[PDB]
Structure formats: structure tokens, C-alpha cells
């Protein structure tokens, strides 16, 4: 439904804007899935116990379905950016979406490398909080942006996507793979993939932080939205973590500590608020363009 082109504006694009800096970062730090050596993970995998394989398969399942979900569910944000006339942010989000596709790809390649070929949905059957987040909260909230690209809708969506799903859940998951792999010096392919996905995620989270901060600065009502949505989801995220532990008698393999993981995740969620609240009362110019 088009009238003008952002790329043709006087002065061009502002390469110093956050989304364009992130885009350039993603270009400089682009990594190739074909560069990750998976040829050693199967040997480690076969040496694990049944329980250890079960746990790691279930963690992997949660990951790859989550990547897939974000790949799909990020799309309405691109639409919102277009509605706001923010080409640089739209550009950034194309990279974001591509990266999530590539995350989906690399987990799939790891699964293939370790010999996993069965339907994995069964690993989500007993994780109702997971399904509530990834099959309901995330798509429903993101999809709202198609009809309502308002600052309030953006903030709600960014909380769900960037601050909870990435900021709380994915980071806690990376910590889980850390606990599984590092001290035992196993699964070097997984380890490498997690490092690289982590690196991409740093940018995705920077974008989400930026997005909430600029709306918060512009209108303190958006702080309301932020705080409310965070407080709604933190317990649901924590329930996901709890349900996962419960399936293993709260004593999973790899010596994972339920209390450690709840503390970690809580910290990750809690630390989010401060990072946004600092935008309150700031000239939007100090935050944006």
C-alpha cells in the first residue's frame, strides 16, 4: 500500500542507529552451519546413559521447536516496523528471522548427527507450560501486531519474545547445555552450536531491549505494559522449568540442580526490568535515531 521509500530519503540510512549497527554485526559475525564439526558427537552420545540421552533429547526438542516457533512468530514484528515507517528496524528483523531459521537448521543437523530420527512431539506432551508459552502465548501475542502495531502491542510482544522466550528461557537453556557438556568435555558440536547461537542471541536481545526502551522513553504508559506483561509471564516461564525437573524426580541426570536453575532463570528475568526502567524519563533522542 506504498507511497515513499525510506532508502531514498535525504541523508540516506543512519548507519549509527542501533538496528543497523546490529545488522552490520550480524553480517560481520555470520557463521556457517557447515563449519561446525558434528562428526564427534555421536561417539560421545553413545557413551551416555539412557537417562542422560533422554534428558538431552528433551532439552533439544524444547530448543528446536522454540527456534522454529520464533522463526515463524517474529514475522508480525516486521509488519509493525513497516507500519511505524522504520526501515532500519525492518532490515534488522529480516536478519533476526534468518538467524532463527539457521538455529532451527543447526539443531536439526545435530539431531541427525546423533542418530535421532523419531517424531519428537512426545517429548513435549508432559510439558504443558512449554506448550502454553510456545504454542499459545508467543503466537497469539505476536500475531496481535498484524492488526495492532501500536507501541503497547510492540512492548507486549517484545516482552514475550525477547525478554522471556530469549532472555529468560533460551539463556537458561544455554546454561543447561553448559552444565551438560563443558566439565565432561563432551559433544563439541553441540557446544560450538550453542556458542554461535548465543552470539546471535546477544543481538536479538539487544534489539528487544532497544525496542522496549524507545517506547518506554516515548510514553511512560509503555512502562506499565512492560512491567505487567513481564510479571504475567515470569511465573509461567518458571513453571516450564519446574515441569521439566519434575519429570526426572527433581533429580535429572548431569547433576542438574532444580534450585540452581530456578535461581538462574529468575535472575535472568529480574535483571531485565532494570535495563528497561532506566529509559523512563529519558529523551527519546538519547535512546533512538
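Residue numbers count along the first chain shown, from 1.
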{"query": "Of 135 to 143 and 150 to 158, the one with larger mean CA B-factor", "finding": "135 to 143"}
{"query": "Selected stretch [higher average CA B-factor]: 16 to 24 or 264 to 272", "finding": "264 to 272"}
{"query": "Which of 247, 225, 36, 59 ranks first by CA B-factor in the deposited coordinates", "finding": "36"}
{"query": "Residue selected from 213, 121, 184, 102 by maximal Cα B factor", "finding": "184"}
{"query": "Third of the chain's Cα B-factor distribution that residue 206 belongs to, per the entry", "finding": "middle"}
{"query": "Ranked C-alpha temperature factor of residue 79 among modelled chain residues, by third", "finding": "highest"}
{"query": "CA B-factor ranking of residue 115, expressed as a third of its chain", "finding": "middle"}
{"query": "Third of the chain's Cα B-factor distribution that residue 189 belongs to, per the entry", "finding": "lowest"}
{"query": "Third of the chain, ranked by Cα B-factor, where residue 91 sits", "finding": "lowest"}
